[PDB]
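Q: I have a structure here, written as structure tokens, and I will follow up with some questions on it.
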Amino acid sequence: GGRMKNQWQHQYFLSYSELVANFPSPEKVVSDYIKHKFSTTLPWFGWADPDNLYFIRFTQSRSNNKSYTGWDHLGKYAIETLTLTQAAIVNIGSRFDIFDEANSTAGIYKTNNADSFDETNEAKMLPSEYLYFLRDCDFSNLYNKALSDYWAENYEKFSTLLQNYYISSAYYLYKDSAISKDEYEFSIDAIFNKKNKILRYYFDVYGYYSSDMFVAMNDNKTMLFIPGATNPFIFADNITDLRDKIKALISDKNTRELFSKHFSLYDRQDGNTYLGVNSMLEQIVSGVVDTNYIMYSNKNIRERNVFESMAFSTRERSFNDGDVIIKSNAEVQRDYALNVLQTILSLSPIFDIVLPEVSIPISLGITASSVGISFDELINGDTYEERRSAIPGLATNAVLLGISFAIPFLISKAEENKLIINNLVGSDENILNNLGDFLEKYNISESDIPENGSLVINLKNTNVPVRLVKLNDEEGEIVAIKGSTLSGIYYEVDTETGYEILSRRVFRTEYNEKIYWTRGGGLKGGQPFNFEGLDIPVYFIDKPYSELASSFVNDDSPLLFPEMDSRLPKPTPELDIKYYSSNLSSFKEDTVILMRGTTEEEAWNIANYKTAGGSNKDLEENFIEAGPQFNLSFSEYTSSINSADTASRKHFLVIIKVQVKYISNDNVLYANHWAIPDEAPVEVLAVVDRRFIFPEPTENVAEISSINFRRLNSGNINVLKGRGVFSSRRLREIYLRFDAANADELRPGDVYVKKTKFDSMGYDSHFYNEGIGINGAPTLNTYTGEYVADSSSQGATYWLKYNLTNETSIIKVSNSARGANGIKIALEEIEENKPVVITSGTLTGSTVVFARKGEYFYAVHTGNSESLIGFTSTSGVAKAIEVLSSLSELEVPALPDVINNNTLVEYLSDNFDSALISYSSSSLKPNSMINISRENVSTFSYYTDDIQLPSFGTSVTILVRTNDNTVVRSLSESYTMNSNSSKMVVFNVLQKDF
Ligand SMILES: [Cl-]
């Protein structure tokens with residue numbers, strides 16, 4: 003579009019500018035809020051511009067009967083001048099015990115400098131009115147929501163930018179021989195730690211975890227990543243050498259302050275009991291504190307991509323720091339307010355940028371040192387003294403140097419820069435029209451792009467690795483993508499440079515023994531971090547406002563505010579938790595319910611290992627809390643619904659039950675937060691996916707469930723039609739007693755049989771499978787229809803909300819680990835008003851058989867869960883025939899050498915009245931294909947190679963009693979993913995009566 007050839011560096015600097023320009027300025031946020039409120043106050047104040055009216059305090063007062071306050075003053079005796087907005091930020095109300103007194107020692111005026119302040123230049127507003135008005139505003143929660151929206155809109159931008167800062171900084175420093183080849187390869191190997199050769203830790207001092215640094219370490223090398231430094235990679239032979247280097251660095255007072263900037267403002271101040279980061283650094287330098295308090299906790303980082311970890315911890319720090327900055331800013335440093343921009347601005351490129359009239363960070367007073375960036379020039383340099391002198395309030399409230407000067411200035415310059423760059427390079431270019439040229443350019447062809455897979459190229463321009471894939475949702479359209487910091491997420495890239503285009507996301511799903519690449523979103527159940535099988539009592543996908551019946555925002559939800567969702571347990575009140583922990587001898591074994599916002603991978607580790615920090619390791623020696631301890635790292639949970647809402651937005655919410663003996667707030671300087679050792683055992687009560695992955699454009703449940711039951715009692719199979727799959731791993735006895743059989747290659751001899759009712763108390767070892775998930779699941783179970791589907795059902799949608807009431811009985815019949823299960827039902831034994839529903843679950847290649855012989859109905863499910871190839875089309879058929887012959891009182895008949903699905907059709911036609919077979923055929927597995935047909939056998943292939951998008955099958959039967967006659971109806975169907983919305987829709991059905 004523009005004159006210049008767009009380049010990777012240019013697009014990087016544009017993203018950097020965008021991150022800084024989008025950042026919420028405290029001054030602007032508060033001013034907009036105050037104008038909004040002023041438009042509806044009483045007295046009405048929509049005339050008052052709070053950035054151009056001045057709260058001025060004086061030490062000399064003189065009575066004036068015509069001025070609005072009743073007093074006039076002389077500028078000579080002005081002690082504090084602020085705009086109304088500044089006066090709101092610095093909590094001016096704290097200067098006055100009775101607000102009504104501020105009317106005599108202060109005034110609101112239309113100008114900030116004048117010989118005499120009086121009725122000639124006053125504003126018609128009392129200082130007391132404004133103080134009362136301020137008391138009714140919570141500015142901390144306002145800036146918290148502003149930061150929440152900022153992160154909702156820029157979290158991926160920040161993550162990708164940070165990753166590219168790391169990669170580009172490493173390459174550039176290696177080409178300048180500032181790091182050896184080994185060091186460059188080490189740094190790159192540490193991003194994903196693919197071969198598991200490296201150990202990655204948060205950088206801590208006395209258990210205080212840095213917000214944006216980390217350590218990568220193996221026997222060969224130790225590395226500290228410290229963003230913003232002139233060389234972000236500090237290498238050492240071992241941890242002792244690294245400690246010595248760090249102590250030497252921070253032995254200079256200024257270097258030490260800059261280093262401490264990598265920790266939250268809370269972690270830097272001393273607590274009631276334990277010292278903070280600043281004291282600990284000072285005393286390490288003086289030598290009173292051993293250097294082994296550097297890297298003392300050794301908290302492991304659990305996310306695959308280290309930049310996910312760094313981004314999440316930077317976001318958390320920004321919430322904490324905004325809190326402090328708005329609430330208490332009296333007698334602080336001038337660069338205080340800049341903490342919330344510390345890390346983002348640390349992503350200035352080390353490779354220097356040249357573009358006409360673009361402001362480079364060092365021309366903005368932002369220098370760099372060996373331990374990170376510095377604002378000393380911007381804040382105190384004589385270059386900017388003129389601009390600062392112009393601004394009111396900076397004289398008496400140091401924090402305003404950041405709030406009124408520095409942040410607005412940097413934001414305006416970043417807006418300038420992004421306009422300049424857009425005018426200089428135009429717009430984007432990706433695989434369009436352009437496939438032929440690109441493919442001839444990299445000596446490739448369509449066949450080279452693996453059908454089911456990807457192809458890695460290196461772009462001739464920047465030598466950026468890129469990945470070609472054929473999109474399954476858009477009929478094979480080829481695209482070029484690159485992996486994000488989030489698992490299963492990719493971004494299309496610029497074909498010339500390789501820079502990621504965060505607008506265009508591609509999702510990598512694994513399902514049906516295939517790899518799908520889709521644009522709209524993934525299949526819940528095929529992502530790398532599948533929750534469905536962790537025995538979590540409550541797991542669901544949170545719906546944003548725009549996906550609900552009721553304001554149409556798509557990056558937030560009312561899951562927790564105003565009314566916490568009824569599905570979720572309510573947390574223990576802070577007062578109860580503090581009472582319990584303070585009387586520890588009495589409530590040591592009692593439990594509280596706590597919340598936390600986490601990444602997908604932290605949530606998965608917590609739900610998997612059932613520990614506070616998702617730690618694999620063991621914990622106790624009759625553990626006893628005692629504050630920080632060498633090599634003991636902590637997770638942090640919360641009791642505030644507001645905090646959990648803000649932290650889990652666009653990520654995951656976790657709710658746990660934990661014993662009081664593991665929790666501690668002794669060294670927590672803010673409210674409603676509790677530390678728990680990472681290895682501490684917990685009970686995971688709930689996990690909510692609040693990522694809001696959706697494309698861009700209760701009486702009801704009881705009544706509906708009753709209607710479903712009334713339809714089922716009538717014999718209308720249509721009540722199970724179109725509503726998705728349903729299963730459940732919950733065991734409840736049902737009234738029906740039936741013959742059950744199991745045939746598994748785990749038991750090569752004999753077919754196990756069971757003729758006792760499935761009792762609630764106990765599973766049956768033969769109708770179980772220790773390999774399904776966290777601790778196995780039942781392959782045959784019975785329950786009642788008050789919960790038709792639970793968290794274990796992959797792809798359930800309708801039966802997660804509605805049901806068929808407690809008067810329906812569900813028989814879930816799955817396949818054995820390497821074999822078949824089966825049930826035989828006496829048809830005369832079903833009773834009116836007690837209908838029976840048989841469900842097969844989510845079909846991914848298994849085979850289901852419904853059949854009738856006399857007054858008996860047989861249902862058999864064969865397959866394997868060990869990902870075996872060839873088993874289900876042959877050996878599974880053998881197990882199914884063994885089960886069918888056992889249940890039908892039959893010695894196995896003649897069977898050929900090649901037993902395949904065709905001989906299943908033949909055997910069912912021979913030894914049964916009528917039958918339905920629902921199976922998964924593929925021309926690449928010839929045994930699975932059915933080329934024969936028999937009248938009394940109906941066939942339904944719920945999967946084929948034709949199906950482009952992810953899919954699954956279902957097969958169900960209803961047994962209903964009416965007029966001393968038992969009606970039996972079976973319905974098989976196959977669902978396929980709707981390309982445009984990533985939701986399952988019915989694709990095929992076959993219905994057969996019995
Ligand atoms: Cl990639």
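Take 3 as the starting number for the sequence shown in our numbering and just add one per residue. The beta carbon of each residue, even a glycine, is placed where N, CA and C say it ideally should be.
Residues in the same chain with beta-carbon distance under 8 Å from residue 717, minus the five sequence neighbours each way, listed in chain order, please.
A: As a first step, residue 717 must be located in the sequence shown, where it is residue number 715. 960, 962, 964, 969 and 971.
Q: Between residue 569 and residue 701, what straight-line distance do the alpha-carbon atoms span, to the nearest angstrom?
A: Residue numbering aside, residue 569 sits at position 567 when the sequence shown is read from its first letter. Residue numbering aside, residue 701 sits at position 699 when the sequence shown is read from its first letter. Looking at the two C-alpha atoms, the distance is approximately 16 Å.
Q: Apart from the five residues just before and just after residue 617, which ones in its own chain have a Cβ nearer than 6 Å to its Cβ?
A: Position 615 of the sequence shown, counting from 1, holds the residue named residue 617. Excluding positions up to five away in sequence, the list reads 680 and 681.
Q: Which of helix, strand or coil does DSSP assign to residue 746?
A: Residue 746 sits at position 744 when you count from the first residue of the sequence shown. Three-state DSSP puts residue 746 in a strand.
Q: Give the secondary structure of residue 358 by DSSP, where H, G and I count as helix, E and B as strand, and everything else as coil.
A: As a working mapping, residue 358 is identified with position 356 in the sequence shown. Coil, per DSSP.
Q: Can you list, in chain order, the residues of its chain whose CB lies under 6 Å from that of residue 363, leaving out five sequence neighbours each side?
A: Within the sequence shown, the letter at position 361 stands for residue 363. So the list reads 350, once near-sequence residues are dropped.
Q: Going straight from the alpha carbon of residue 402 to that of residue 392, what length do you get?
A: In the sequence shown, counting from the first residue as 1, residue 402 sits at position 400. In the sequence shown, counting from the first residue as 1, residue 392 sits at position 390. Looking at the two C-alpha atoms, the distance is approximately 13 Å.
Q: Would the beta-carbon of residue 733 fall within 7 Å of that of residue 762?
A: The count along the sequence shown starts at 1 and reaches residue 733 at position 731. The count along the sequence shown starts at 1 and reaches residue 762 at position 760. It is a contact, given that the beta carbons lie within the stated cut-off.
Q: Please tell me whether, using a cut-off of 6 Å, the distance from the CB of residue 395 to the nearest non-hydrogen atom of ligand 1 is below it.
A: In the sequence shown, the residue the question calls residue 395 occupies position 393. Answer for residue 395: no, Cβ out of range of ligand 1.
Q: Near residue 999, what residues of its chain come up, given a Cβ to Cβ distance below 8 Å and the 5 sequence neighbours on each side ignored?
A: This structure does not reach residue 999, given that the chain is present from 3 up to 996, and the question cannot be answered.
Q: Are there 16 or more other CB atoms within 10 angstroms of the CB of residue 554, so buried, or fewer, so exposed?
A: For the purposes of this step, residue 554 is taken as the residue at position 552 of the sequence shown. Exposed, by the Cβ-count rule.
Q: Are the CB atoms of residue 27 and residue 409 within a distance shorter than 7 Å?
A: Position 407 of the sequence shown holds residue 409. Position 25 of the sequence shown holds residue 27. Contact flag set, yes.
Q: To which residues of the same chain is residue 645 closer than 7 Å at the C-beta, ignoring the five residues directly before and after it?
A: Looking up residue 645 in the sequence shown gives position 643. Contacts found: 674.
Q: Apart from the five residues just before and just after residue 703, which ones in its own chain have a Cβ nearer than 7 Å to its Cβ?
A: Position 701 of the sequence shown, counted from the first residue, corresponds to residue 703. Closer than 7 Å at Cβ, skipping near neighbours: 803 and 804.
Q: Quick one, what's near ligand 1 if you take every residue whose CB is closer than 5 Å to any heavy atom, in chain order?
A: Taken from the N-terminal end onward, the list reads 469, 484 and 485.
Q: Rounded to the nearest angstrom, what separates residue 430 and residue 423 at their Cα positions?
A: To locate residue 430, count along the sequence shown from 1; it is residue 428. To locate residue 423, count along the sequence shown from 1; it is residue 421. Cα to Cα, the separation comes out at about 13 Å.
Q: With residue 381 as the anchor, note down where its alpha helix (DSSP H) starts and where it stops.
A: Along the sequence shown, read from residue 1 onward, the residue named residue 381 stands at position 379. Where residue 381 is concerned, the enclosing alpha helix (DSSP H) stretches over 378–382.
Q: In angstroms, rounded to a whole number, what distance separates the CA positions of residue 484 and residue 472?
A: In the sequence shown, residue 484 corresponds to position 482, counting from 1. In the sequence shown, residue 472 corresponds to position 470, counting from 1. Spanning the two alpha carbons is a distance of roughly 14 Å.
Q: Among the residues of its own chain, which have a CB less than 6 Å from the CB of residue 80, if the five just before and after it don't count?
A: As a first step, residue 80 is located in the sequence shown; it is residue number 78 there, counting from the start. Excluding sequence neighbours, residue 80 sits near 58 and 60.
Q: Nearest-angstrom Cα distance between residue 898 and residue 875?
A: Within the sequence shown, residue 898 is the residue found at index 896, counting from 1. Within the sequence shown, residue 875 is the residue found at index 873, counting from 1. Going from the Cα of residue 898 to the Cα of residue 875 covers about 14 Å.
Q: Could you give the residue range of the beta strand (DSSP E) that holds residue 225?
A: Numbered from 1 along the sequence shown, position 223 holds the residue referred to as residue 225. Where residue 225 is concerned, the enclosing beta strand (DSSP E) stretches over 224–227.
Q: What number of angstroms, rounded off, separates the C-alpha of residue 547 from the C-alpha of residue 651?
A: Against the sequence shown, residue 547 aligns to sequence position 545. Against the sequence shown, residue 651 aligns to sequence position 649. About 12 Å.
Q: Is there contact between the region 68–75 and the region 100–118, where contact requires at least three CB pairs shorter than 8 Å?
A: Judged by Cβ distances under 8 Å, the region 68–75 makes contact with the region 100–118, as three or more pairs qualify.
Q: Suppose you measure from the CA of residue 385 to the CA of residue 286; what does that come to, to the nearest Å?
A: Reading the sequence shown from its first residue, position 383 is the one you call residue 385. Reading the sequence shown from its first residue, position 284 is the one you call residue 286. For residue 385 and residue 286, the distance between alpha carbons rounds to 36 Å.
Q: When the distance is taken between beta carbons, is residue 90 closer than 7 Å to residue 55?
A: Numbered from 1 along the sequence shown, position 53 holds the residue referred to as residue 55. Numbered from 1 along the sequence shown, position 88 holds the residue referred to as residue 90. No, the pair does not count as a contact, with Cβ atoms beyond the cut-off.
Q: Helix, strand or coil, according to DSSP, for residue 40 in the structure here?
A: Walking along the sequence shown from the start, residue 40 turns up at place 38. Helix, per DSSP.
Q: Does the region 849–859 come within contact of the region 816–833, defined as at least 3 CB pairs closer than 8 Å?
A: Yes: the two stretches touch, three or more of their Cβ pairs being nearer than 8 Å.
Q: In three-state DSSP terms, what is residue 780?
A: Counted from its first residue, the sequence shown places residue 780 at position 778. The answer is strand: DSSP assigns residue 780 an E or B state.
Q: Give me whichever residues DSSP pairs with residue 863 in a beta bridge.
A: Counting from 1 along the sequence shown, the entry for residue 863 is found at position 861. DSSP lists 823 and 850 as partners of residue 863.
Q: Can you tell which of 728, 141, 995 and 331 has the C-alpha that lies nearest to the C-alpha of residue 34?
A: As a working mapping, residue 34 is identified with position 32 in the sequence shown. Minimum Cα distance to residue 34 is reached at 141.
Q: Does DSSP put residue 349 in a helix, a strand or coil?
A: Here residue 349 refers to the residue found at position 347 when the sequence shown is read from its first residue. DSSP places residue 349 in coil when its eight states are reduced to three.
Q: Taking the alpha helix (DSSP H) that residue 12 belongs to, which residues open and close that run?
A: In the sequence shown, counting from the first residue as 1, residue 12 sits at position 10. It spans 10–23 - the alpha helix (DSSP H) in which residue 12 sits, taken as one unbroken run.
Q: Between residue 753 and residue 742, is the Cβ-Cβ spacing less than 7 Å?
A: Locating residue 753 in the sequence shown gives position 751, where the first residue counts as 1. Locating residue 742 in the sequence shown gives position 740, where the first residue counts as 1. No, Cβ-Cβ distance for residue 753 and residue 742 is not below 7 Å.
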